[PDB]
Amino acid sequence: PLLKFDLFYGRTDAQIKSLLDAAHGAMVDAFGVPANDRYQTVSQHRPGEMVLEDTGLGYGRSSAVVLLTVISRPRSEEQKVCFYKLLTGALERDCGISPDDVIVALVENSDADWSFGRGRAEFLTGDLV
């Protein structure tokens, strides 16, 4: 899958690396993909450049808030439910990020919708499962 993170400026590069490693671990745990199925980008924003409310749910947001968009081949409802919990558990334990600071949106594509290198469609050719 591809994980795209949107955060506010303010973290060191070490704290960004911790957040990416903790999130990658949770993704691998929840989806059962290979450990080297790692594709992640980080976009840093100034305070004027993200607005993230809570739909009245009573969360909890600070400048450490992490918005994660995920593009993935289909996953079961349970895999998704598990990933959210695994992700906030790892971000709390390993990065000190409050679960109230984590927002996730997933979008689905299919086998033909990926090319990992060399102009190849590796799910189609069977190079990948």
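All residue numbers refer to positions in the sequence shown, first residue = 1.
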| note | Per the PDB entry, mean CA B-factor is higher for 39-47 or 26-34, namely for 26-34
| task | Going by the average Cα B-factor in the PDB entry, point out whether 54-62 or 99-107 comes out higher. | result | 54-62
| request: Comparing against every modelled residue in the chain, figure out the third that the C-alpha B-factor of residue 88 lands in (lowest, middle or highest). | output: middle
| Considering only modelled residues of the same chain, in which third does the CA B-factor of residue 72 rank: lowest, middle or highest? | middle
